[PDB]
Ligand SMILES: Cc1c(C(=O)NN2CCCCC2)nn(-c2ccc(Cl)cc2Cl)c1-c1ccc(I)cc1
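Chains as they are written, first to last, in my numbering: chain A, -3 to 25; chain B, 2 to 300; chain C, 269 to 548; chain D, 76 to 288.
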């Protein structure tokens, strides 16, 4: 529950789906 | 919490060559190489970035329902209605026509270069040693056919779904089942762990997704809308954990919020039922396969 | 008879024109909806259904240019030539589309295996394109109808340069007698082959509406295209000094005028016998 | 560089494109029944060639693939019926054993009502008619079925009764054809019959593509 929310908060930075990246760091673009 | 609302989730590639329905795919650990096979008896390893057929492996059994790609990228696994799990050495000939099951195979996922966990129609999940040639342990306790299997992201435990609206968390080391979970109405079509390893999500033909944990050992929450009626063919996850995915029979892949309990996106672009769905090990981009024979790589 | 001429032609054309326009536009709509949705079973058939509907819509278009420009004097040889070429093209395009559809059905039924592989919608599109090409290529001799008049009452005073043997004989055999022969052989064999399937399954009570629709299609094609071309033959004989009677020739001319205004409504009869024996 | 490997990819397609002219010309035929039906004598009668078995043969340059479910048929959930692409379901039934005919009919009724097989034709076979032609007189067909109307000593009355019993099991009769036949255990030219019924199934498919109705 709360642990899942903390994991979401801490690891959101490496989520190319939650935060799509421009072609700078996007091999699929 | 802070909702993510909607995600503009766009395709980035489309992969062609399969002559029938795709039944399953697998994302490698390097995210670059993908493996998927069809029900025409063909495995193909794809270059996911460049859309290049790295390998096209024929099969003896054209009735094939699971595929695997080793975490070391060395081997692949292939199981189907002929009950024999073929381990293929990419470096492609059969490494081991490794047998021992009675029912048709439904899900096989390597633990290392040597151990493989298989689910079948025999209702028992069997952990096999390729070098020995025979099983090294067998988990029982289910009633229906174990169609779904998902490994923990520590190579220590695993989950199995078995057509009886229930899932078994079992321990690889202890060779026995550790916990059981209920909450559905129909078959467990696919199951996957939360990438941290203390929770998992289930999809069932009752058009309802669910999310449980091994910590509280209870049904944490559920996902369902009245306008959705098709069965969840496959699920996956994103590293953050604010999202989960669900392939559907209703021609589309619905991507839902894993916490806020609402739909956050829909991937169309499939001409048939969605059968395969995976997320790369670095979280870059989703891939889905459908009965079109068309794998496409969303992002 | 001339007042009767105009009254009959107008009272036939106006409902024919409106009905043909509406029905053929609706047919194009429906089969476009079927085709663009990437439907693979209903593609290689919607292609020639669209081609038929388009030829029929074009023949609908040339109707008011006979309902307001028939006897009205008009210093426009180019417009009258365009209208007459449109009329010939659309009518004989409907003719040849029907003939090709019937060959399609007999080839699918007599040979069920082959047409199941050699069934490219692109192949049907190639056949339709060849249909348009041949129709418009054959519609070149309609240019040589000028004669010696400038003020034209359209659909009249058609020149004897296009009444000789070399323009009539390759127009009856290759415009009616060959479509009649092909439509007859294909439709009869398709009926006799869907009938021979009583030696086996329930298709003897399942693929029965197909026989009714194929028979209806043969009947409509023949009854819209048998009398008018024999009237065409009668007028050719009038043009070859074979019939000299004045009252009889006037009656024959009225018969040909009425036969063509009855043959055009095939553009409304090809939209009922087809496009209503379908699901929608 | 990397793109040079795409040449190999093209080479791979130069093989897969070959399968394009086969997996489309290929006819799939399930082969079902029970133990007593006599599947083995059937297959051995035409000189044809773990879990499910497969056989490959050719009739008049057409490739047929008989997918013999070797006793795995008893499964009753969707995922195992990965056979919806199969052209036809060929049944065998031991006509003689009237006791087993109820179970055979129950198999028929629970196989044809698979919505998976809503677009599949059936080729039912009633095997061993000699052991029925020489047993209909001795054993009364009406002694087992309470709705038989014809003459229990007449062979053809019983034959038509059985056919109608099997054809009466289909809900939604209007979906696809149902052939049948009364062939003995010899099955001397049975491949011709299979070919004829497959050809008629393809004819029905054509009429479905021609949209004549
Ligand atoms: C009338 C008539 C004639 C004709 O022969 N007229 N002569 C009558 C007696 C001697 C002097 C004039 N030709 N067409 C005709 C027209 C279009 C094509 Cl595509 C082909 C043809 Cl043959 C029509 C005719 C007129 C109106 C209709 I509505 C249909 C046919």
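Even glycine gets a Cβ: it sits at the ideal position worked out from N, Cα and C.
Query	Result
Alpha carbon to alpha carbon, what distance is there between residue 468 of chain C and residue 181 of chain D?	24 Å
Is the CB of residue 298 of chain B under 9 Å away from at least one CB in chain A?	yes
Note down, in chain order, all residues in the segment 258 to 283 of chain D with a beta-carbon under 8 Å from any beta-carbon belonging to chain C.	271, 272, 274, 275, 277, 278, 279, 280, 281, 282, 283
If you measure beta-carbon to beta-carbon, which residues of the segment 166 to 190 of chain B are closer than 7 Å to chain D?	188
On the criterion of 16 or more Cβ atoms from any shown chain inside 10 Å, does residue 97 of chain B qualify as buried, or is it exposed?	buried
Quick one: is residue 258 of chain B buried, meaning 16 or more other Cβ sit within 10 Å of its Cβ, or exposed?	buried
Step through the CB atoms of chain C and report whether any lies within less than 9 Å of the CB of residue 97 of chain D.	no
Using 8 Å as the threshold, is the segment 189 to 202 of chain D in touch with the segment 151 to 166 of chain D, meaning 3 or more CB pairs across them?	yes
Using 8 Å as the Cβ pair cut-off and three pairs as the minimum, do the segment 16 to 25 of chain A and the segment 526 to 545 of chain C touch?	no
From what residue to what residue does the beta strand (DSSP E) around residue 361 of chain C run?	Taken as a continuous stretch (DSSP letters only), residue 361 of chain C belongs to no beta strand (DSSP E), being part of the alpha helix (DSSP H) at 345 to 378.
As an exercise, report each continuous beta strand (DSSP E) stretch of at least 3 residues that is fully enclosed by the segment 178 to 240 of chain D, in chain order.	196 to 202
Just mark residue 230 of chain B as buried or exposed, buried being the case when its beta carbon has 16 or more other beta carbons within 10 Å.	exposed
Starting from the C-beta of residue 197 of chain D, find all residues in its chain whose C-beta is less than 6 Å away, skip the five residues before and the five after it, and write them out in chain order.	164, 253
Comparing the CB of residue 507 of chain C with every heavy atom of ligand 1, is any distance shorter than 8 Å?	yes
Mind pulling the chain B residues with CB within less than 9 Å of residue 76 of chain D?	Within 9 Å Cβ-Cβ: nothing; residue 76 of chain D doesn't reach chain B, min ~11 Å.
With hydrogens ignored, establish whether the beta-carbon of residue 251 of chain D is closer than 8 Å to any heavy atom of ligand 1.	no
Tell me, please, which residues DSSP counts as bridged to residue 33 of chain B.	DSSP output for residue 33 of chain B lists no bridge partner at all.
With a 10 Å radius around its C-beta and 16 neighbouring C-beta atoms as the bar for buried, classify residue 117 of chain D as buried or exposed.	buried
List the endpoints of the continuous beta strand (DSSP E) containing residue 161 of chain B.	158 to 162
Between residue 535 of chain C and residue 357 of chain C, is the Cβ-Cβ spacing less than 9 Å?	no
Should residue 279 of chain C go down as buried or exposed, given a rule of 16 or more other Cβ atoms within 10 Å for buried?	exposed
Relative to the C-alpha of residue 430 of chain C, which residue among C:368, C:318, C:415, C:525 is closest?	C:415
Should residue 529 of chain C be counted as a contact of ligand 1 given a C-beta to heavy atom distance under 8 Å?	yes
Is residue 424 of chain C near ligand 1, with its Cβ less than 8 Å from a heavy atom?	yes
Kindly examine ligand 1 and report whether one of its heavy atoms sits closer than 8 Å to the Cβ of residue 352 of chain C.	yes
Assuming residue 89 of chain B and residue 111 of chain B make a contact with CB atoms under 8 Å, what is their CB distance in whole Å?	Contact doesn't hold; Cβ gap of about 12 Å is too wide.
Taking all protein chains shown into account, decide if residue 451 of chain C is buried (16 or more other Cβ within 10 angstroms of its Cβ) or exposed.	buried
Take residue 65 of chain B as the anchor and find which of B:249, B:276, B:226 has the nearest alpha-carbon.	B:276
I'd like to know whether the C-beta of residue 26 of chain B is nearer than 9 Å to at least one C-beta of chain A.	no
Check whether the segment 378 to 386 of chain C and the segment 492 to 508 of chain C touch, using three or more Cβ-Cβ pairs below 8 Å as the test.	no
What number of angstroms, rounded off, separates the C-alpha of residue 99 of chain B from the C-alpha of residue 475 of chain C?	50 Å
Tell me whether the beta-carbon of residue 183 of chain B lies closer than 9 Å to the beta-carbon of residue 163 of chain B.	no
Could you give the first and the last residue of the continuous beta strand (DSSP E) run that contains residue 70 of chain B?	65 to 70
In whole angstroms, what separates the C-alpha of residue 176 of chain B from that of residue 124 of chain B?	15 Å
Of all the residues that make up the segment 232 to 247 of chain D, which are near chain C by a beta-carbon distance shorter than 9 Å?	242
Between B:140, B:208, B:157, which has its C-alpha nearest residue 198 of chain B's C-alpha?	B:157
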